[PDB]
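1. Output the structure for:
(2 chains, ligands or ions: 2)
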Amino acid sequence: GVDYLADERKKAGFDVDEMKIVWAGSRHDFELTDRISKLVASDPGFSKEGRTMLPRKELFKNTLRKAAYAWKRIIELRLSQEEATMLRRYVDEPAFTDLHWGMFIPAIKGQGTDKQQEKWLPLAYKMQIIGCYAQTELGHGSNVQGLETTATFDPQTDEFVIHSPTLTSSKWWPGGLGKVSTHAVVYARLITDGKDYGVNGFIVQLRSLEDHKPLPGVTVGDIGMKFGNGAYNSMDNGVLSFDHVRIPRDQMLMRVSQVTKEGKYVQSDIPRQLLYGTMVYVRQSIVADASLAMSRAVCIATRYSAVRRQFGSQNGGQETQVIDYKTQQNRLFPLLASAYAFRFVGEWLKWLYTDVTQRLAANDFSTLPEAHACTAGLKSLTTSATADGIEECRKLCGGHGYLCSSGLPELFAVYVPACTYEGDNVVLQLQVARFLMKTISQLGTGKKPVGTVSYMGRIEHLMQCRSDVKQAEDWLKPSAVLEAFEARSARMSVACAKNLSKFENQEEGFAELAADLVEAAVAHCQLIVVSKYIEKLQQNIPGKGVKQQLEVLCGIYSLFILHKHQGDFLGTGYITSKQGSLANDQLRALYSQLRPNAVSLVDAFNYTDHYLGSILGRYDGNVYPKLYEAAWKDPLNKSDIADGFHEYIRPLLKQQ
Amino acid sequence: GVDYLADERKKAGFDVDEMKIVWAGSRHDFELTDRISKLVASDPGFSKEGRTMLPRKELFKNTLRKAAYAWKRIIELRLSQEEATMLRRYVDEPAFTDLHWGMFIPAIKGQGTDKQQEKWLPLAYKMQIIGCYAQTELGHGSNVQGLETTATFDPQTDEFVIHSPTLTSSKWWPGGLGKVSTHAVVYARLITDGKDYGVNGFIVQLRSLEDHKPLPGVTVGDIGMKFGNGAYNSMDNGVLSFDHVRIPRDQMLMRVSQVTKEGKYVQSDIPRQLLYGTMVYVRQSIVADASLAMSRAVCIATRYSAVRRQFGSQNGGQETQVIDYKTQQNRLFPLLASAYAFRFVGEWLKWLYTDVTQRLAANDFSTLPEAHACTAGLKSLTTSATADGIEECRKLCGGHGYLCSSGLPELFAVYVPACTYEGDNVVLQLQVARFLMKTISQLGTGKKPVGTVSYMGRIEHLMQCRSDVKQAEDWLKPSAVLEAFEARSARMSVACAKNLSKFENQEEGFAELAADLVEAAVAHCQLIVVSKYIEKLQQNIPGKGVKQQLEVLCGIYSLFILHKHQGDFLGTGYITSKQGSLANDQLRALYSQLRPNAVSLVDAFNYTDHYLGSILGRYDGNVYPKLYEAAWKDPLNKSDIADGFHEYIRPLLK
Ligand SMILES: Cc1cc2nc3c(=O)[nH]c(=O)nc-3n(C[C@H](O)[C@H](O)[C@H](O)COP(=O)(O)OP(=O)(O)OC[C@H]3O[C@@H](n4cnc5c(N)ncnc54)[C@H](O)[C@@H]3O)c2cc1C
Ligand SMILES: Cc1cc2nc3c(=O)[nH]c(=O)nc-3n(C[C@H](O)[C@H](O)[C@H](O)COP(=O)(O)OP(=O)(O)OC[C@H]3O[C@@H](n4cnc5c(N)ncnc54)[C@H](O)[C@@H]3O)c2cc1C
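-> Numbers count the residues shown, from 1 in each chain, chains lettered A, B, ... in the order given. Ligands and ions are numbered 1, 2, ... in the order given. Have a look at this structure:
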């Protein structure tokens, strides 16, 4: 087996082994990714062969099998929980285990009392119970405060009654609930003392532990097929309705709020703000996965673009690899750039998480709004860019990209729910907006802004500066780009606050000015990404030519963005046409330098073929023969005559 | 029997029946769509229940049966060609019949001598053969001049020998090829008399008519599974490979090029320019289909946005329909304006086809390079926007949009190939760019330009003019928007062209400025759309409030694009910030007007629930109970214990 990309690899002008380390985040991280990776990859029992053609029932049985087998490797190899996270990542199949570890345990941890965690967590850690997280209902997803499921305390019996008063209050979506889960944390409105104390979490057992039949009064099942072959279809997303299901009182999560023997709401010390610590963690984790999906898609389109030649024969010559084209470059390299950018904004959130929970331990709350907005904005930004980027990578692969065996169709189907869970992307950006608008109106009060909105403390200036770019290369110097993003955002937010303040009723004004508020929120998020990329570049970072390439990636991301939203900077006045053109010319230059390195830079993600499952992105570039061999395995190819043909088509050929 | 959307219907400020007419295109068009669609929709044999969950063997079987049942009704009802195309559209199921009618017949027709169309077309017209169109190879899609499949004439035997020299010469993608077609038009390099004469089409029998087994030399099958549940997996896209298959001399389509007994090449002396069939008609068709897909998505998402409520309870009241939100509006309404806009260009394209086939049949080839780019650029534009709006429409439906049974996942998976077949979108827009660059660099002559580039007969003016919008409503006036877009296109092209003349060789320069060129191409295309819209509004349009509703959508479309590409209006100097904002304020106002009509505007597409196959988009707005009943039909709900459980999960628990 030759490496048909050995020539593209040679052309690299940096140390891939160190790039690997940068992508991974640390030597520890890389060591762990690499060993768990290859260990998932070279094990018969984790094969994805055939997965896309299974009917839902065998797909699902097959998920269960892999789910069990993986648990068994976690045990037999004494992997830590960190390691087990990795192991499941590389198995690469949505399944209940994702929610049990991913949401059910974190909910108990964050919201159960000391006692509650002692009781429920050992069970969940050994999977003597399997739990999911039931919040969304038919009729409520984003608006959590409006859920209809009720939990009504019963003083006569020391139980809550969980009830679904209506069809639409039915739970709908929660993964692992359809078929697998034995228990759920069920969010419902607490009704006690004939008053509504709002939404809380209840640990409700859904099925008998002996035979897995649903308990009395509980109705549970799966909701239906979702988008794509395989994808989330291996996940049992559930509908769940309750008919006065009775639960003991100490099954309410009582960390923050509790209910006495007699009813009556009570509140502990231990601040409800403690929970904002878990926002940051989850959002971080989701931004991390954005860099993961973007990197997988970019890795396939890139390798495919180096191998795919089309046009540009010159006399008898080989045709031009499509990656040599500047239009292929203009759609592809910003996505590459984005994977490294979102990778780094990912690390910066790791830090932001440590900072917030350092402050949470001093009962320091001055930093929380900013932390919340910063994470909402970043989750939104990165999950759109990524969803849009994977469709773009498919398109960049031309017709072959439409084939399941290319890897991109699944990767898009699986990825896209990111845009709606743990916050609708657009709904999160109106939150970002409100906070910027808030941050602007507190200036009058003399309240000086911090973290990621510390730039808004310098508006007088940002309102009136002009870029001073004289040559394309100046767009390379960080202070030029950073200021350019700061100005844009300040100006856009200012323009919103001015526009907004003409409304007597502020709620009216948020409604009417929503589209622009979002446009402002986007600009701010973009600024966070760029400014963190620049911050990253001031770290050391070993390995020959590594930093240098990462600078190239920086420029591309921020200048791609600058061109896309070019009106934003020309509006306000911050840059002139010539200057916009100079940025355009420098992005063009940057594409030409990235070119030799694209394949090496996606080689840096260190993915196996098993994990990638793309014939178009095979490491060795042996694409076409693989696609040919692959077609000869579709069900239709079992014979030269399709079932149906003699019955329906033959008669008509001859007429009958 | 209750319509949850009546309160929205009653808010209409226009005659829906007459908007229906407009959408369809004429009372004749309308009476025809309406009768054939109810026909399909109300016939159990065209049901789509359960499709999406079928394994592939069974989905294919069921395709073959629908196809045959379709042919049986076309015949029993004495349907014409136009009605038959209609019927096949409302069956809503990609199938071989679509290449046979859509590409095999029109290629013979187009590229064959009269003598040849006389022996083949009757055969294909009664479906006594089943043809597909085999151009694309593993290694060559866009680049038709580099297909590797060869066609060597054997003088010693009066035959061409069609051969697949290499694995990557394998024919790959043609639908109807993989299992059903008995013949193909196979495109191959003509090797004759020792010289290579480029691509040509050859009628080749793929399979024994008596028993359907492949003929000696031929290798065919399906290529595998494609994006999305159902969608195109009901189509057998093929791979076909040849070991020197033999074929009579009269199976080369000998209309434009001929080959004589003794070998050797003669040309008909009948201008290969006649192939507007090959372009304007087909691209016309893809553009029409873009409006068709955009309108389905926008229809599901408008209805769903008027049913779904979330937030906005003030004192324990009802939550706000999401359709009242400015962000929903700004994501949804330009999509709705686009369907109407792309619908109207599509009309204008019929005109162009009739104008071009009048001219071609006559003696005038001059209008032709314009007709070519114009249509290329529109295929590109409308398909890109449509594939985007469909994904955007799914996002508009929130979590519920992720379910197959919202209708949207399929609609996206089956539409999106449009961006790649008959011309890759960016490749197509690189061609508009050449034509524009050509149109400039020719101006210094004398011979002023025409059609969709006559605006470049006035570059001098548009190189210097500047907007005089003094308030928001000014952007309503047709002259301001047109001039806004002509100024924009003219400037971008001039800038590209100026930038390019700086190169020693034009090819290197073209390679290098490619993104700026495409960017300029898209601008030229937006102008076309916008200006055909304006012209549409010069027409008699009957019915109360129809024309105003259309004016509103027209503004929406132009100003949404205006805001999105505001850099291009601002940077060239055309407008000032204030004017820019004024454009943004007017767009708001427009959303607010469109609001009460949004649901009636999509009612005017007149789609049945059967066609639309979306619970979220049900005419009657009864969404949630219907989702809930759908869930129970999934095979996982066939019992309470999943297969898998006791074998794998029970021991893990205990
Ligand atoms: C694959 C998948 C897995 C999931 N798994 C789980 C799970 O395990 N547990 C669980 O509890 N849930 C789960 N969910 C539910 C999910 O977490 C989200 O809560 C759900 O997708 C929220 O979407 P929605 O339908 O309510 O969007 P909506 O909020 O109803 O939004 C609908 C549309 O209206 C717009 N809109 C809504 N509000 C506003 C506003 N105020 N202003 C402007 N526009 C607005 C939105 O932008 C969107 O366009 C899952 C969902 C999916 C898709
Ligand atoms: C569903 C489907 C059905 C099809 N059915 C048929 C059929 O029935 N019959 C048939 O003959 N064919 C068929 N095809 C083939 C199809 O019509 C196209 O011709 C083919 O998909 C063209 O794309 P490609 O794969 O050649 O992309 P390529 O041209 O290889 O492009 C790959 C990438 O390279 C880029 N690129 C290529 N050239 C340039 C350039 N010069 N400048 C800048 N960028 C460039 C493209 O933009 C794209 O990003 C079908 C394809 C699909 C997806």
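2. which residue does the stretch 251-400 of chain A bring closest to ligand 1?
-> Closest to ligand 1 within the stretch 251-400 of chain A is residue A:380: 10.6 Å, counting by CB to the nearest ligand atom. Backbone N, C-alpha and C define where each C-beta goes, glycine included.
3. distance between the strand or helix carrying that residue and the chain's centre?
-> Using DSSP states H and E, the element containing residue A:380 is helix A:368-396. Going by CA atoms, centre = their mean, to the nearest Å, the spacing between the C-alpha centre of helix A:368-396 and its chain's C-alpha centre is 7 Å.
4. Over to stretch A:134-146?
-> Mean C-alpha position of stretch A:134-146 versus that of the full chain (CA atoms, centre = their mean) differs by 20 Å.
5. Can you get me the start-to-end distance on it?
-> 14 Å (CA to CA, to the nearest Å).
6. Buried ones in it, by neighbour count?
-> Neighbour counts over stretch A:134-146 (16 or more other CB atoms under 10 Å in any protein chain shown) mark A:134, A:135, A:136, A:137, A:138, A:139, A:140, A:141, A:142, A:143, A:146 as buried.
7. From these, pick the one nearest residue A:187.
-> residue A:135 (4.2 Å; CB to CB).
8. could you measure the residue of the stretch 251-400 of chain A closest to ligand 1 against chain B, distance?
-> 12 Å (CB to the nearest CB, to the nearest Å).
9. and if you look at residue A:231?
-> When residue A:231 is compared with chain B (using CB to the nearest CB), they lie 9 Å apart.
10. where does that residue fall, phi/psi-wise?
-> Backbone geometry at residue A:231, expressed as degrees, to the nearest 10, gives phi 50, psi -120.
11. For it, give me its contacts.
-> Residue A:231 makes contact with A:94, A:410, A:413, A:414, according to CB atoms under 8 Å, 6 or more residues apart in numbering or on different chains.
12. With neighbour count added, can I get these in CSV?
-> Below are the contacts of residue A:231 laid out as CSV (neighbours: other CB atoms under 10 Å in any protein chain shown):
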residue, neighbour count
A:94, 21
A:410, 25
A:413, 24
A:414, 23
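13. Among those residues, which lie within strands?
-> Among the contacts of residue A:231, none falls in strands (DSSP state E).
14. Take the residues you listed and write them to TSV, including distance to residue A:71.
-> Formatted as TSV, these follow (distance: CB to CB, whole Å):
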residue	distance to residue A:71
A:94	16
A:410	24
A:413	26
A:414	22
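15. List the ones among these that fall in helices.
-> A:410, A:413, A:414 (DSSP state H).
16. near chain B, from those?
-> residue A:413 (CB under 8 Å from any CB of the partner chain).
17. Of the ones in helices among the contacts of residue A:231, which is the nearest to residue A:253?
-> Set against residue A:253, the nearest of the ones in helices among the contacts of residue A:231 by CB to CB is residue A:414 (30.5 Å).
18. so the closest one makes contact with residue A:94?
-> Yes: between residue A:414 and residue A:94 there is a contact at 6.5 Å, judged by CB atoms under 8 Å.
19. tell me, what's touching the two both at once?
-> A:231, A:232.
20. In contact with residue A:64: list those residues for me.
-> A:180, B:642, B:644, B:645, B:647, B:648, B:649.
21. ok, and the closest non-adjacent residue to the residue of chain A found nearest ligand 1?
-> Scanning chain A for the residue nearest ligand 1 gives residue A:141, at 1.9 Å (criterion: CB to the nearest ligand atom). In this structure, residue A:141 finds its nearest non-sequential neighbour in residue B:399, 5.1 Å apart by CB to CB, 6 or more residues apart in numbering or on different chains.
22. I'd like the distance between that neighbour and ligand 2.
-> Residue B:399 sits 29 Å away from ligand 2, going by CB to the nearest ligand atom, to the nearest Å.
23. Strands of chain A, residue ranges please.
-> Along chain A, counting by DSSP E, strands occupy A:131-134, A:150-154, A:159-163, A:171-175, A:183-192, A:195-205, A:218-222, A:237-242, A:245-248, A:257-260, A:263-267.
24. which one of these is the most hemmed in?
-> Sort those by mean neighbour count, taking mean count of other CB atoms under 10 Å in any protein chain shown, and strand A:131-134 sits at the top with a mean of 29.
25. Centre of the chain to it, how far?
-> Computed by CA atoms, centre = their mean, the separation of strand A:131-134 from the middle of its chain amounts to 20 Å.
26. Next one: it, is it in contact with ligand 1?
-> Yes: if you take CB under 6 Å from any ligand atom as the test, strand A:131-134 does meet ligand 1, through A:133, A:134.
27. contacting residues around that strand?
-> With CB under 8 Å, 6+ apart as the test, strand A:131-134 has contacts from A:96, A:99-100, A:103-105, A:107, A:124, A:171, A:174-177, A:180-187, A:238, A:240.
28. Kindly report the same for stretch A:149-162.
-> Residues from elsewhere that reach stretch A:149-162, judged by CB under 8 Å, 6+ apart: A:137, A:163-165, A:169, A:171, A:186-193, A:200, A:202, A:204, A:242, A:244-249, A:251-252, A:259, A:261-263.
29. at 6 Å instead, please
-> For stretch A:149-162, the surrounding residues in contact (CB atoms under 6 Å, 6 or more residues apart in numbering or on different chains) are A:163-164, A:169, A:188-192, A:202, A:204, A:242, A:244-249, A:259, A:262-263.
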